[PDB]
Amino acid sequence: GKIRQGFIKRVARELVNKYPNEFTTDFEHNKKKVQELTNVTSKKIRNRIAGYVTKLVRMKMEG
Amino acid sequence: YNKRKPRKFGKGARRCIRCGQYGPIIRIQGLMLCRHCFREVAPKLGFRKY
Amino acid sequence: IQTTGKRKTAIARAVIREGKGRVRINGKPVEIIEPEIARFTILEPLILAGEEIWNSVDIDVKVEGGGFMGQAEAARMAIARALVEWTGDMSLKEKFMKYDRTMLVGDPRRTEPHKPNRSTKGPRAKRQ
Amino acid sequence: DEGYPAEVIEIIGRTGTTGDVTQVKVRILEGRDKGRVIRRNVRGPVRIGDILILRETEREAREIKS
Amino acid sequence: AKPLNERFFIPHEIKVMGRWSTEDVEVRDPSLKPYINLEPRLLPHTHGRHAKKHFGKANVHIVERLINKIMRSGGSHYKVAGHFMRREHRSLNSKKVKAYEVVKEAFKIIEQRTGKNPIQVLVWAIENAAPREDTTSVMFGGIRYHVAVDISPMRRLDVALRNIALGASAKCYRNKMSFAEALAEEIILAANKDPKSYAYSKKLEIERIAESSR
Amino acid sequence: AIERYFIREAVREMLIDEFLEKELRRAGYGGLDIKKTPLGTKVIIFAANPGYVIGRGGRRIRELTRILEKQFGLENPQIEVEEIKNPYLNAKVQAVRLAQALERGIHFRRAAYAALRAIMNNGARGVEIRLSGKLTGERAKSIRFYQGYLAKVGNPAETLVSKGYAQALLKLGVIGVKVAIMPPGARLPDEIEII
Amino acid sequence: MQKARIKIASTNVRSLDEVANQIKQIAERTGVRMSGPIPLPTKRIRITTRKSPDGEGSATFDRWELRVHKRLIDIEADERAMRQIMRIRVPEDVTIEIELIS
Amino acid sequence: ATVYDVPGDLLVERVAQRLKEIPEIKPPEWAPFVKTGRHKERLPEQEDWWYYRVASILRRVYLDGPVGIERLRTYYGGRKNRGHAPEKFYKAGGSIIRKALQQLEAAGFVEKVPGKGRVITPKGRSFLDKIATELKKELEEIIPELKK
RNA sequence: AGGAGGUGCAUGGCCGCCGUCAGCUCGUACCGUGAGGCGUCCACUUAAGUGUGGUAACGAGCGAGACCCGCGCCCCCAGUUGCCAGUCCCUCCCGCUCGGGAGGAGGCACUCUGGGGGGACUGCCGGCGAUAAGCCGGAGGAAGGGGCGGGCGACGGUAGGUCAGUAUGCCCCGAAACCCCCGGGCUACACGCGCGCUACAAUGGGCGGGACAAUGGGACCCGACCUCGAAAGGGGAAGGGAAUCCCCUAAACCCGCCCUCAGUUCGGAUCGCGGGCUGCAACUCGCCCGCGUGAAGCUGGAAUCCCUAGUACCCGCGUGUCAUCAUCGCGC
């Protein structure tokens, strides 16, 4: 199944709260921003974080 | 008359250094060790799991 | 023009230049390959392409590895890419992908490793 | 061969003991009951809009009891 | 090699196998029209990812499927009338070139003996050998009962085509009469609804029993 | 044969390791390293205390300096003995120490818990101690005392953790001890830090 | 023209890359042409063995691997360039073998 | 044209029937009573079986260049029935091909390069490509596509 | 001392299955006098105690997952792996003079080689799902919805087994239950059952032809090449301590001829002879070279095992201990 892992759900919300403006719907921009704003060495989990923060950014402007 | 006869072939010619087992002694490039001994020492030889 | 082709374990290197139309596998005419199924497999890309492309270019392809059928399919992929790069027109690409997919996508499938408990008969094989 | 083809529309759900029988709704495309919708079963894979051949239109399957 | 080269060159104008361009073929049964693949292709083999596709079987050419269920025809729990139908001498499995050759020969036999499109003969046989009712044991509270069930077009195709293959194997197995001759004879019998064929016979058997399970 | 050479060198190495384990058990022999050079073969022995290794006036190590040249055939063995930076970070050395403590008629619970505390305040992230055998009677038992974070699977378990197995001898028989020590410097893959 | 062929082998990849990097710095510092390090095929020694010590249980087998990577560096003759390679600190795992070819 | 432009079987047949003429090629006295290889289980059916071998062997020299006894053994080898054990692959005989190569050498179509094997002389190449041109022309007016 | 003498309810360690199943629990809070319970429960969803949404609990730890190996495309770097990639030049074989083929120099394309980076992320759309989690379909694309083959198997239990590989309590023997040596046994056979190899011929056998692999190994070793013997084998020998010399042939495949279906132009068990290899010696106790002979079996009931994508099935190959014992195991 494709249930997103909890720790990424945690860090994604945190990075959402502290820079609400530094992440936009563009996937790749968010990918780079989380690349540099964290110390992740596994590119895959970086992509996971990017994919989820995309969805959170989408969630924002409708509510 | 107590010395064991020389043997260049066969199982009796071969004996593990560690435990002395006459049987399974793998010889990939000349380990000279019993097979069961190999399990507890393979990482010490550098072998990994993949 | 240079092209390559991957399939199973038969890998083909192909070079296409201007010529009368001769097409050679390992420097041998494509019409005299002993298996006929391999002949059609090698031949598939230039039937539907047309006769003018057939007689307007000389193509030399060398295939190493795998089986004869795999060699045929790798030569098919190589010659397909050869016509692709030599002609460089969209319509041939469209009809290439319409007839099938392999010659523009390859077959990246391989043979999975064998696993113990009667590994010899196959990976997923076991005893009774 | 007195058969009657009919067109699948909606799939009620996997039925039978093992779920290998699939319950669908079919519209009779030809015959004495033209246009009539019947709940009919399908062994083997089926989709929407398949033409299934009937020997008897009168036979029907009971509603799937959950 | 002269027949080999001439058969290489003849389908240069896009023909299934060597001959028998598929435009002239007509499917009479409405059920199997959107499933029988009539795309014109020179060679009936794609090595495709059809198994991993739920509905990718409709794309496979009927002749490729024919070679497919020919190569698998050997050995089974089917002790039909107490026989073990195994290929011990260079079995058909994985030797798709030999199977390719045998379908080529049987197609030539069909062409000559019937004087018409062998693909169309096969189409008629497929229509004529597909059953239209099976039986399923459905229970309520552990009281099982046999209920007639309608067959999907694709399952009908599968069972009928397996049946003709098994008829061919029953004919050739343990006889002087070759496999190509067996397949040609079986397909011509099934084409004209001949009960002598295994395919039409077992279509009738599948229709029956389910006939009485109402 | 480069293979036959590397395997030969590492076989010499682990045989020396086992020989020193059965020689230097009282010394808390923790680690080994070997450097070849035209001058000779330098052996680098990290022990819980080199004071016992040096012996009396070097009469101990000199014996070893003979031994490393005769049974293993090392040309010019030069012995160097050093201290482990934190023996509480070596599960092997801690295991040997606790086995020796148990052998001294010390109660298994009290010794194990004191050792656990002593390794913990030394900064080890996570400590597990498993004790098996005749611990309170003829029928054997296995009891595990854990504390902290001890990821027990994955590559990190095979990489960052320090592991130690020991056997302790007593009148009733043999007791098996296993010790797992997480050094603090390691970090988890799922731990993501933020700036 | 005279050349020196050097083969550097190690189980550790990082030790091998460090040795190659310092060789490269030496060769470019002495201003002597060097053929780029060609990574030759890595040897995979494989040993499988049954897990169970005795004969009991399911047929279980364990796989043990040794990946040893070797690289080839060819340099042109310069005695100054060859003087600095014997001073290269070589790790205990890396084996460097040097031959001279005309 | 070259041998590459024709089937191998026909070219072997043509070279065998043509080398039937030359007095150099002559089966030895032990040949008819000795099969081709150890792996073979039945004697060769026909009596031209010697000539075909030469027509094969020389053809191999047209392609593999320097080839000695052992590699020609390797190519000719085949599967053998071992009884209740599985069938296994084995090699063919050696003295037969050694005598064939010696007869070719005395004929001047092949020479010996020591340490590498035996190579094909210019005369053998000219004969083989003349045969190939003739056969290519034959299958050309049989199959016009070969004029391409 | 030694025990291969026993003692696996005397043990350590180890392996198996429950079971890579989803579980095991702890800190404090809450209910119950207590046994103990909660967290770990319920609707949905996941391959999971993975989560979603409500819960007297909130967090934590072990577990799955993440983690690591390899396939899937490209890029870079590196090119002595490999090639008339473009190729003036030299050597050669033909040819319709149209052309086709091969090597030395030279080039490094491309395969390969082996280090790093990108790329695949429900990344977007439609439908579902309470708008949540998440699910299905679609688009693009070498590969999207645990991408794919694997490794990492928990708290505990089974006195499972293993002290006969190792340490090892208890007891037993101390010129035997200790040490050495010769021969036999480890193969003994009217028998029941398990697992594997051959076979039950025409789909096929004989003759010859063609294009096809990785696994790994190679110094008393791998061995081209040359010579004798039909062959097993005898004698010499290049190169090689491993992208460079050998194992290296590919098999299946089809192609032209012979045979024309039967216990046999299948099948070889099995019985004897001459020769050959390892070993001190191979009848007990090896295989191979040739001959003669060369069995049943003709598809096999009751009962019953496994598999789902390159996967079944079929084919063929290196290697494990190693002269051979394997008709085995792993890997290709």
# chains A, B, ... in the order shown; residues from 1 in each chain; ligands from 1

$ residues_around --residues "residue E:194" --least-positions-apart "2" --cutoff "12 Å" --atoms "only C-alpha atoms (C1' of nucleotides)" --output "PyMOL selection string"
chain E and resi 124-125+128-129+185-192+196-204

$ write_last_selection --atoms "C-alpha atoms" --output "PDB file, in the first residue's frame"
ATOM      1  CA  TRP E 124     -15.666 -20.286 -38.188  1.00  0.00           C
ATOM      2  CA  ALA E 125     -14.305 -23.110 -36.032  1.00  0.00           C
ATOM      3  CA  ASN E 128     -18.684 -23.067 -33.742  1.00  0.00           C
ATOM      4  CA  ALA E 129     -16.680 -24.559 -30.838  1.00  0.00           C
ATOM      5  CA  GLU E 185      -8.176 -32.353 -39.449  1.00  0.00           C
ATOM      6  CA  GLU E 186      -9.437 -31.047 -36.099  1.00  0.00           C
ATOM      7  CA  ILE E 187      -9.803 -27.465 -37.316  1.00  0.00           C
ATOM      8  CA  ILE E 188     -11.664 -28.481 -40.461  1.00  0.00           C
ATOM      9  CA  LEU E 189     -14.010 -30.664 -38.387  1.00  0.00           C
ATOM     10  CA  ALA E 190     -14.644 -27.807 -35.955  1.00  0.00           C
ATOM     11  CA  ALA E 191     -15.166 -25.411 -38.867  1.00  0.00           C
ATOM     12  CA  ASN E 192     -18.237 -27.292 -40.119  1.00  0.00           C
ATOM     13  CA  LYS E 196     -16.126 -35.856 -34.632  1.00  0.00           C
ATOM     14  CA  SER E 197     -13.884 -33.045 -33.380  1.00  0.00           C
ATOM     15  CA  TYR E 198     -12.916 -32.837 -29.731  1.00  0.00           C
ATOM     16  CA  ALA E 199     -13.605 -29.098 -29.848  1.00  0.00           C
ATOM     17  CA  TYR E 200     -17.250 -29.226 -30.923  1.00  0.00           C
ATOM     18  CA  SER E 201     -17.885 -32.397 -28.914  1.00  0.00           C
ATOM     19  CA  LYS E 202     -16.698 -30.820 -25.678  1.00  0.00           C
ATOM     20  CA  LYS E 203     -18.500 -27.592 -26.534  1.00  0.00           C
ATOM     21  CA  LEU E 204     -21.622 -29.744 -26.608  1.00  0.00           C
TER      22      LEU E 204
END

$ select_by_dssp --residues "chain G" --states "strand (DSSP E or B)" --output "NGL selection string"
:G and (3-10 or 34-50 or 61-76 or 95-101)

$ write_last_selection --atoms "C-alpha atoms" --output "short mmCIF file (atom, residue, chain, number, x, y, z; two decimals), in the first residue's frame"
data_model
loop_
_atom_site.label_atom_id
_atom_site.label_comp_id
_atom_site.auth_asym_id
_atom_site.auth_seq_id
_atom_site.Cartn_x
_atom_site.Cartn_y
_atom_site.Cartn_z
CA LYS G 3 55.68 4.17 -19.67
CA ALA G 4 54.87 2.91 -16.19
CA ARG G 5 51.74 0.83 -15.65
CA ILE G 6 50.33 0.89 -12.11
CA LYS G 7 47.50 -1.34 -10.90
CA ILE G 8 45.85 -0.30 -7.63
CA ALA G 9 43.48 -2.78 -5.98
CA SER G 10 41.37 -2.42 -2.86
CA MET G 34 49.05 10.59 -17.20
CA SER G 35 46.48 8.27 -18.72
CA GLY G 36 43.24 8.67 -16.79
CA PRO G 37 42.54 5.93 -14.24
CA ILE G 38 40.75 3.15 -16.10
CA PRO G 39 38.66 1.20 -13.56
CA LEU G 40 39.25 -2.40 -14.55
CA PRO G 41 36.54 -5.01 -13.86
CA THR G 42 35.87 -5.57 -10.16
CA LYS G 43 36.26 -9.12 -8.90
CA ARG G 44 33.23 -10.59 -7.09
CA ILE G 45 34.29 -13.58 -5.01
CA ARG G 46 31.20 -15.61 -4.08
CA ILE G 47 30.88 -18.29 -1.40
CA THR G 48 27.59 -19.94 -0.48
CA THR G 49 27.16 -22.28 2.48
CA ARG G 50 24.37 -24.00 4.37
CA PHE G 61 21.87 -21.31 2.23
CA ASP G 62 23.77 -18.10 2.97
CA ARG G 63 25.57 -16.01 0.34
CA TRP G 64 28.83 -14.21 1.14
CA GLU G 65 30.40 -11.67 -1.21
CA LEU G 66 33.74 -9.93 -1.66
CA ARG G 67 33.80 -7.04 -4.16
CA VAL G 68 37.41 -5.98 -4.83
CA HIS G 69 37.90 -3.04 -7.21
CA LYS G 70 41.08 -2.40 -9.18
CA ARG G 71 42.16 0.49 -11.39
CA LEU G 72 44.89 1.03 -13.99
CA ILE G 73 46.97 4.20 -14.28
CA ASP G 74 49.58 4.58 -17.03
CA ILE G 75 52.10 7.42 -16.92
CA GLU G 76 54.91 8.61 -19.16
CA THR G 95 47.81 -3.03 -2.96
CA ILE G 96 49.76 -1.14 -5.64
CA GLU G 97 51.79 -3.08 -8.21
CA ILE G 98 53.95 -1.20 -10.71
CA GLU G 99 55.57 -2.46 -13.91
CA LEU G 100 57.65 -0.65 -16.53
CA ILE G 101 56.81 -1.03 -20.23
#

$ atom_distance --atom1 "atom CA of residue E:167" --atom2 "atom CA of residue E:24"
27.6 Å

$ closest_atom_pairs --of "chain I" --to "chain A" --cutoff "6 Å" --atoms "only C-alpha atoms (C1' of nucleotides)" --output "CSV"
residue,atom,partner,partner_atom,distance
I:46,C1',A:1,CA,5.0
I:121,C1',A:47,CA,5.3
I:146,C1',A:1,CA,5.3

$ write_last_selection --atoms "C-alpha atoms (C1' of nucleotides)" --output "PDB file, in the first residue's frame"
ATOM      1  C1'   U I  46      -2.647  -0.616   4.163  1.00  0.00           C
ATOM      2  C1'   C I 121       8.009  11.345  -6.920  1.00  0.00           C
ATOM      3  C1'   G I 146       5.089  -1.062  -1.212  1.00  0.00           C
TER       4        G I 146
END

$ interface_residues --of "chain B" --to "chain G" --cutoff "10 Å" --atoms "only C-alpha atoms" --output "PyMOL selection string"
chain B and resi 26+28-29+35-39+42-43+45-50

$ write_last_selection --atoms "C-alpha atoms" --output "PDB file, in the first residue's frame"
ATOM      1  CA  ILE B  26      35.946 -25.241   1.663  1.00  0.00           C
ATOM      2  CA  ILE B  28      37.904 -21.277  -2.584  1.00  0.00           C
ATOM      3  CA  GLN B  29      41.441 -19.873  -3.014  1.00  0.00           C
ATOM      4  CA  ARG B  35      32.326 -24.884   6.994  1.00  0.00           C
ATOM      5  CA  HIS B  36      30.558 -24.265  10.319  1.00  0.00           C
ATOM      6  CA  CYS B  37      33.511 -22.228  11.552  1.00  0.00           C
ATOM      7  CA  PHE B  38      33.047 -20.002   8.485  1.00  0.00           C
ATOM      8  CA  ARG B  39      29.792 -18.530   9.769  1.00  0.00           C
ATOM      9  CA  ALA B  42      33.085 -14.406   7.561  1.00  0.00           C
ATOM     10  CA  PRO B  43      32.530 -10.750   8.577  1.00  0.00           C
ATOM     11  CA  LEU B  45      37.293 -11.732   6.742  1.00  0.00           C
ATOM     12  CA  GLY B  46      35.309  -8.794   5.312  1.00  0.00           C
ATOM     13  CA  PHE B  47      32.376 -10.723   3.856  1.00  0.00           C
ATOM     14  CA  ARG B  48      29.095  -8.795   3.884  1.00  0.00           C
ATOM     15  CA  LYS B  49      25.431  -9.507   3.148  1.00  0.00           C
ATOM     16  CA  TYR B  50      23.672  -8.199   0.050  1.00  0.00           C
TER      17      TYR B  50
END

$ closest_atom_pairs --of "chain G" --to "chain C" --cutoff "9 Å" --atoms "only C-alpha atoms" --output "CSV"
residue,atom,partner,partner_atom,distance
G:58,CA,C:117,CA,8.6
G:59,CA,C:117,CA,6.2
G:60,CA,C:116,CA,7.5
G:61,CA,C:116,CA,7.0

$ residues_around --residues "residue D:11" --least-positions-apart "2" --cutoff "8 Å" --atoms "only C-alpha atoms (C1' of nucleotides)" --output "PyMOL selection string"
chain D and resi 8-9+13+22-25+47-48

$ write_last_selection --atoms "C-alpha atoms" --output "compact mmCIF listing (two decimals), in the first residue's frame"
# COMPACT_ATOMS: atom_id res chain seq x y z
CA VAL D 8 -23.39 -5.77 -20.29
CA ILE D 9 -23.97 -2.39 -18.63
CA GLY D 13 -20.22 -7.65 -7.82
CA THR D 22 -19.23 -12.31 -11.47
CA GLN D 23 -22.72 -10.85 -11.28
CA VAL D 24 -23.55 -8.20 -13.88
CA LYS D 25 -26.62 -6.50 -15.34
CA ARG D 47 -16.12 -5.86 -18.56
CA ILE D 48 -18.78 -3.26 -19.27

$ closest_residue --among "G:55, G:27, G:85, G:78" --to "chain I" --atoms "only C-alpha atoms (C1' of nucleotides)"
G:55

$ residues_around --residues "stretch 31-34 of chain F" --least-positions-apart "4" --cutoff "7 Å" --atoms "only C-alpha atoms (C1' of nucleotides)" --output "PDB file with N, CA and C atoms, in the first residue's frame"
ATOM      1  N   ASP F  17      44.003 -12.769  15.733  1.00  0.00           N
ATOM      2  CA  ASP F  17      42.959 -12.240  16.599  1.00  0.00           C
ATOM      3  C   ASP F  17      42.471 -13.301  17.572  1.00  0.00           C
ATOM      4  N   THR F  41      56.220  -6.352  10.276  1.00  0.00           N
ATOM      5  CA  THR F  41      54.780  -6.396  10.484  1.00  0.00           C
ATOM      6  C   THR F  41      54.470  -5.776  11.837  1.00  0.00           C
ATOM      7  N   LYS F  42      53.766  -4.648  11.823  1.00  0.00           N
ATOM      8  CA  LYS F  42      53.414  -3.916  13.031  1.00  0.00           C
ATOM      9  C   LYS F  42      52.003  -4.311  13.442  1.00  0.00           C
ATOM     10  N   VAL F  43      51.861  -4.811  14.666  1.00  0.00           N
ATOM     11  CA  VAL F  43      50.572  -5.207  15.220  1.00  0.00           C
ATOM     12  C   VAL F  43      50.175  -4.169  16.256  1.00  0.00           C
ATOM     13  N   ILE F  44      48.908  -3.776  16.233  1.00  0.00           N
ATOM     14  CA  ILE F  44      48.390  -2.653  16.996  1.00  0.00           C
ATOM     15  C   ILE F  44      47.209  -3.198  17.786  1.00  0.00           C
ATOM     16  N   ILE F  45      47.414  -3.417  19.082  1.00  0.00           N
ATOM     17  CA  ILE F  45      46.500  -4.177  19.929  1.00  0.00           C
ATOM     18  C   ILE F  45      45.873  -3.213  20.920  1.00  0.00           C
ATOM     19  N   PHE F  46      44.596  -2.917  20.728  1.00  0.00           N
ATOM     20  CA  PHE F  46      43.843  -2.106  21.671  1.00  0.00           C
ATOM     21  C   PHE F  46      43.288  -3.034  22.742  1.00  0.00           C
ATOM     22  N   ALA F  47      43.660  -2.785  23.994  1.00  0.00           N
ATOM     23  CA  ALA F  47      43.252  -3.619  25.113  1.00  0.00           C
ATOM     24  C   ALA F  47      42.575  -2.759  26.168  1.00  0.00           C
TER      25      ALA F  47
END

$ residues_around --residues "residue H:124" --least-positions-apart "2" --cutoff "8 Å" --atoms "only C-alpha atoms (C1' of nucleotides)" --output "ChimeraX atom specification"
/H:108-110,120-122,126-128

$ select_by_dssp --residues "stretch 7-89 of chain F" --states "helix (DSSP H, G or I)" --output "number ranges by chain"
F: 7-23, 50-54, 59-70, 87-89

$ write_last_selection --atoms "N, CA, C and O atoms" --output "short mmCIF file (atom, residue, chain, number, x, y, z; two decimals), in the first residue's frame"
data_model
loop_
_atom_site.label_atom_id
_atom_site.label_comp_id
_atom_site.auth_asym_id
_atom_site.auth_seq_id
_atom_site.Cartn_x
_atom_site.Cartn_y
_atom_site.Cartn_z
N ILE F 7 43.22 -13.06 0.88
CA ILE F 7 42.60 -14.00 1.81
C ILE F 7 43.65 -14.56 2.76
O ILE F 7 43.38 -14.76 3.94
N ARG F 8 44.87 -14.80 2.27
CA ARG F 8 45.94 -15.29 3.13
C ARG F 8 46.29 -14.27 4.21
O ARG F 8 46.45 -14.62 5.39
N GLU F 9 46.40 -12.99 3.83
CA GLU F 9 46.73 -11.97 4.81
C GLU F 9 45.64 -11.86 5.86
O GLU F 9 45.92 -11.84 7.06
N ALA F 10 44.38 -11.80 5.42
CA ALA F 10 43.29 -11.65 6.38
C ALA F 10 43.08 -12.91 7.21
O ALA F 10 42.60 -12.82 8.35
N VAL F 11 43.46 -14.08 6.69
CA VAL F 11 43.43 -15.30 7.49
C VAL F 11 44.49 -15.23 8.58
O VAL F 11 44.24 -15.57 9.74
N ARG F 12 45.71 -14.81 8.22
CA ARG F 12 46.72 -14.54 9.23
C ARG F 12 46.17 -13.59 10.28
O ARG F 12 46.34 -13.82 11.49
N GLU F 13 45.46 -12.56 9.84
CA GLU F 13 44.93 -11.57 10.77
C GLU F 13 43.94 -12.19 11.74
O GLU F 13 44.07 -12.01 12.96
N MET F 14 42.93 -12.92 11.25
CA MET F 14 41.88 -13.33 12.18
C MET F 14 42.37 -14.48 13.04
O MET F 14 41.90 -14.66 14.18
N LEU F 15 43.32 -15.28 12.53
CA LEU F 15 43.95 -16.28 13.37
C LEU F 15 44.73 -15.63 14.50
O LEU F 15 44.68 -16.10 15.64
N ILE F 16 45.46 -14.55 14.20
CA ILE F 16 46.14 -13.81 15.26
C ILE F 16 45.13 -13.25 16.25
O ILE F 16 45.36 -13.24 17.46
N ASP F 17 44.00 -12.77 15.73
CA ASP F 17 42.96 -12.24 16.60
C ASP F 17 42.47 -13.30 17.57
O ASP F 17 42.35 -13.05 18.77
N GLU F 18 42.18 -14.50 17.07
CA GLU F 18 41.69 -15.55 17.95
C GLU F 18 42.77 -16.00 18.93
O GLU F 18 42.48 -16.29 20.10
N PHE F 19 44.02 -16.07 18.46
CA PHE F 19 45.11 -16.45 19.34
C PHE F 19 45.27 -15.45 20.48
O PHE F 19 45.55 -15.83 21.62
N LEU F 20 45.12 -14.16 20.18
CA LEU F 20 45.23 -13.16 21.23
C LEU F 20 43.98 -13.11 22.10
O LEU F 20 44.05 -12.74 23.27
N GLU F 21 42.83 -13.49 21.54
CA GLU F 21 41.62 -13.59 22.34
C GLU F 21 41.76 -14.68 23.39
O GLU F 21 41.37 -14.49 24.55
N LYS F 22 42.32 -15.83 23.01
CA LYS F 22 42.55 -16.90 23.98
C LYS F 22 43.80 -16.67 24.82
O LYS F 22 43.95 -17.34 25.85
N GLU F 23 44.68 -15.76 24.42
CA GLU F 23 45.82 -15.37 25.24
C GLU F 23 45.51 -14.18 26.13
O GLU F 23 45.78 -14.21 27.34
N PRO F 50 46.61 -1.87 28.70
CA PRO F 50 47.91 -2.44 28.28
C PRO F 50 48.80 -2.86 29.44
O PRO F 50 49.80 -3.55 29.20
N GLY F 51 48.49 -2.45 30.67
CA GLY F 51 49.34 -2.79 31.79
C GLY F 51 49.53 -4.28 31.97
O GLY F 51 50.62 -4.74 32.32
N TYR F 52 48.48 -5.06 31.73
CA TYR F 52 48.61 -6.51 31.82
C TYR F 52 49.29 -7.08 30.58
O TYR F 52 49.99 -8.10 30.68
N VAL F 53 49.10 -6.45 29.42
CA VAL F 53 49.73 -6.96 28.21
C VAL F 53 51.24 -6.86 28.32
O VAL F 53 51.96 -7.82 28.01
N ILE F 54 51.75 -5.72 28.78
CA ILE F 54 53.19 -5.53 28.88
C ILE F 54 53.81 -6.56 29.81
O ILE F 54 54.98 -6.93 29.66
N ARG F 59 58.46 -9.19 29.70
CA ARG F 59 58.61 -10.63 29.52
C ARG F 59 57.37 -11.24 28.87
O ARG F 59 57.46 -12.30 28.24
N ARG F 60 56.22 -10.59 29.01
CA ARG F 60 55.01 -11.08 28.36
C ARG F 60 55.05 -10.81 26.86
O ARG F 60 55.07 -11.75 26.05
N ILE F 61 55.09 -9.54 26.47
CA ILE F 61 54.99 -9.19 25.05
C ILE F 61 56.13 -9.80 24.25
O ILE F 61 55.94 -10.21 23.10
N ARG F 62 57.32 -9.89 24.85
CA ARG F 62 58.43 -10.52 24.15
C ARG F 62 58.09 -11.96 23.79
O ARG F 62 58.35 -12.40 22.66
N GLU F 63 57.49 -12.70 24.72
CA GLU F 63 56.97 -14.02 24.40
C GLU F 63 56.04 -13.94 23.19
O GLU F 63 56.21 -14.67 22.21
N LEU F 64 55.09 -13.01 23.24
CA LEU F 64 54.20 -12.80 22.10
C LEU F 64 55.00 -12.44 20.86
O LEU F 64 54.72 -12.94 19.76
N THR F 65 56.04 -11.61 21.03
CA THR F 65 56.87 -11.23 19.89
C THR F 65 57.57 -12.45 19.30
O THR F 65 57.82 -12.50 18.09
N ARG F 66 57.91 -13.43 20.14
CA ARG F 66 58.38 -14.70 19.60
C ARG F 66 57.24 -15.42 18.89
O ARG F 66 57.37 -15.83 17.73
N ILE F 67 56.09 -15.51 19.56
CA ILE F 67 54.99 -16.32 19.05
C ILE F 67 54.53 -15.80 17.70
O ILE F 67 54.40 -16.57 16.73
N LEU F 68 54.34 -14.49 17.56
CA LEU F 68 53.85 -13.97 16.30
C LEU F 68 54.80 -14.25 15.14
O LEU F 68 54.37 -14.17 13.99
N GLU F 69 56.06 -14.61 15.42
CA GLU F 69 56.99 -14.97 14.36
C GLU F 69 57.08 -16.46 14.09
O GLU F 69 57.50 -16.85 13.00
N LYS F 70 56.70 -17.32 15.04
CA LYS F 70 56.94 -18.76 14.89
C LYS F 70 55.72 -19.51 14.36
O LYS F 70 55.79 -20.15 13.31
N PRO F 87 36.20 1.85 26.50
CA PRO F 87 35.82 0.43 26.51
C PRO F 87 34.34 0.22 26.75
O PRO F 87 33.80 -0.82 26.36
N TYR F 88 33.66 1.19 27.37
CA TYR F 88 32.21 1.12 27.51
C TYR F 88 31.49 1.24 26.18
O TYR F 88 30.29 0.96 26.12
N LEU F 89 32.18 1.66 25.12
CA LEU F 89 31.61 1.67 23.78
C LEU F 89 31.91 0.39 23.00
O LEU F 89 31.44 0.26 21.86
#

$ closest_residue --among "I:117, I:275, I:161, I:99" --to "chain H" --atoms "only C-alpha atoms (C1' of nucleotides)"
I:99

$ residues_around --residues "residue D:16" --least-positions-apart "5" --cutoff "9 Å" --atoms "only C-alpha atoms (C1' of nucleotides)" --output "PyMOL selection string"
(chain D and resi 21-23+41) or (chain E and resi 136-139)

$ closest_atom_pairs --of "chain C" --to "chain I" --cutoff "6 Å" --atoms "only C-alpha atoms (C1' of nucleotides)" --output "Markdown table"
| residue | atom | partner | partner_atom | distance |
| --- | --- | --- | --- | --- |
| C:35 | CA | I:254 | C1' | 5.2 |
| C:66 | CA | I:213 | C1' | 5.6 |
| C:67 | CA | I:212 | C1' | 4.9 |
| C:68 | CA | I:212 | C1' | 4.7 |
| C:112 | CA | I:149 | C1' | 5.9 |
| C:128 | CA | I:305 | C1' | 5.0 |

$ write_last_selection --atoms "N, CA and C atoms" --output "short mmCIF file (atom, residue, chain, number, x, y, z; two decimals), in the first residue's frame"
data_model
loop_
_atom_site.label_atom_id
_atom_site.label_comp_id
_atom_site.auth_asym_id
_atom_site.auth_seq_id
_atom_site.Cartn_x
_atom_site.Cartn_y
_atom_site.Cartn_z
N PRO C 35 17.47 -19.30 -39.76
CA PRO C 35 16.11 -19.22 -39.20
C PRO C 35 15.29 -18.17 -39.94
N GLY C 66 23.67 -13.41 -26.14
CA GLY C 66 22.32 -13.94 -26.14
C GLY C 66 22.11 -15.06 -27.14
N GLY C 67 20.86 -15.20 -27.57
CA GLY C 67 20.45 -16.18 -28.55
C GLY C 67 20.20 -15.57 -29.91
N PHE C 68 20.01 -16.46 -30.89
CA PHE C 68 19.81 -16.02 -32.27
C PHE C 68 18.54 -15.19 -32.40
N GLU C 112 15.46 -13.43 -13.92
CA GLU C 112 15.64 -13.22 -12.49
C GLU C 112 16.62 -14.26 -11.92
N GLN C 128 9.31 -31.87 -4.27
CA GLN C 128 8.02 -32.46 -3.92
C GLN C 128 8.14 -33.13 -2.56
#
